[PDB]
Amino acid sequence: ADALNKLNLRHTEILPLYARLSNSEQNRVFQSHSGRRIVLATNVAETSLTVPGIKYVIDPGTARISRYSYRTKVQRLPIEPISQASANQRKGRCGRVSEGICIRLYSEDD
RNA sequence: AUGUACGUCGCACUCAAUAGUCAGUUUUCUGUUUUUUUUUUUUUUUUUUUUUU
Numbered sequence: 307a308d309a310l311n312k313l314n315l316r317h318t319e320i321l322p323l324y325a326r327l328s329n330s331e332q333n334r335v336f337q338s339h340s341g342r343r344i345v346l347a348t349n350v351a352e353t354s355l356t357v358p359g360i361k362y363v364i365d366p367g368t369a370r371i372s373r374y375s376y377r378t379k380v381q382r383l384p385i386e387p388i389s390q391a392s393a394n395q396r397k398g399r400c401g402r403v404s405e406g407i408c409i410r411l412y413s414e415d416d
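Numbering-wise, the UniProt record's numbering puts 354 at position 48 of the first sequence, and it's gapless, one number per residue.
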């Protein structure tokens with residue numbers, strides 16, 4: 307969000323979204339705007355939120371996955387590439403209003 | 001009582017100077033004084049995720 311604000315995009319605003327977000331700030335994403343808004347989201351909009359007004363989705367193919375191993379004896383959360391169904395779930399969250407373009411920031415064979 | 005005896009001598013200092021043996025290629029570094037202090041104690045820094053009589 308700092309990097310998108312530094313470019314100073316014309317007629318565009320940047321919005322965050324996560325589980326720790328304020329309820330007023332969570333609902334502010336749901337309220338309308340003028341022009342184009344860019345929403346930076348986490349796995350909250352993956353599962354339960356179903357944020358509306360989304361045309362194009364950008365997928366890094368990278369998320370954090372909570373784990374717990376016998377060696378660790380500790381809930382470790384390493385950064386890992388996502389699954390196929392989760393990536394295919396990232397395809398469907400922009401085809402809500404009309405036809406959208408999904409961009410995945412990795413290789414097809416990956 | 002008488003007569004009775006006398007003469008010459010030596011010594012010192014010395015003593016110099018002698019055989020043969022020719023030659024060794026060209027070039028080179030190495031070199032000087034000056035500011036001097038070599039060392040000054042450190043810090044807390046980020047967030048998949050989601051459900052319970």
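Using N, Cα and C, we set each Cβ at its ideal position, and we do this for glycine too.
Simplified DSSP state of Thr353, which is helix, strand or coil
Here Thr353 sits in helix by DSSP.
Segment contact flag, the segment 347-367 with the segment 396-411, C-beta cutoff 8 Å, min 3 pairs
Three or more Cβ pairs drawn from the segment 347-367 and the segment 396-411 lie within less than 8 Å of each other, which places the two stretches in contact.
According to the neighbour-count rule (16 or more other Cβ atoms, all chains shown, within 10 Å of its Cβ), is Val380 buried or exposed?
Exposed: under 16 other Cβ atoms inside 10 Å.
Using a Cβ-Cβ cut-off of 7 Å (strictly less than) and excluding sequence neighbours within five positions of residue 417, which residues of its own chain qualify?
No answer is possible for residue 417: the residues shown for the chain start at 307 and end at 416.
Which runs of the alpha helix (DSSP H) fall wholly inside the segment 312-363 and span at least 4 residues, in chain order?
With a minimum length of 4 residues, the unbroken runs of alpha helix (DSSP H) contained wholly in the segment 312-363 fall at 329-336, 350-353.
Whole-angstrom distance between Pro366 and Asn333, CA atom to CA atom:
Rounded to the nearest whole angstrom, the CA to CA distance from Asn333 to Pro366 is 25 Å.
Return the chain-ordered list of same chain residues with a C-beta closer than 7 Å to the C-beta of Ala307, the five sequence neighbours on each side being excluded.
Taking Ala307 as the centre and dropping the five residues before and after it, the same chain places the C-beta of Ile320, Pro322, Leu346 closer than 7 Å to its C-beta, in chain order.
Integer Cβ distance of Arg410 from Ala393, believed to fall under 8 Å:
7 Å between Cβ atoms; contact.
Where the beta strand (DSSP E) through residue 418 begins and ends:
This structure does not reach residue 418, given that the chain is present from 307 up to 416, and the question cannot be answered.
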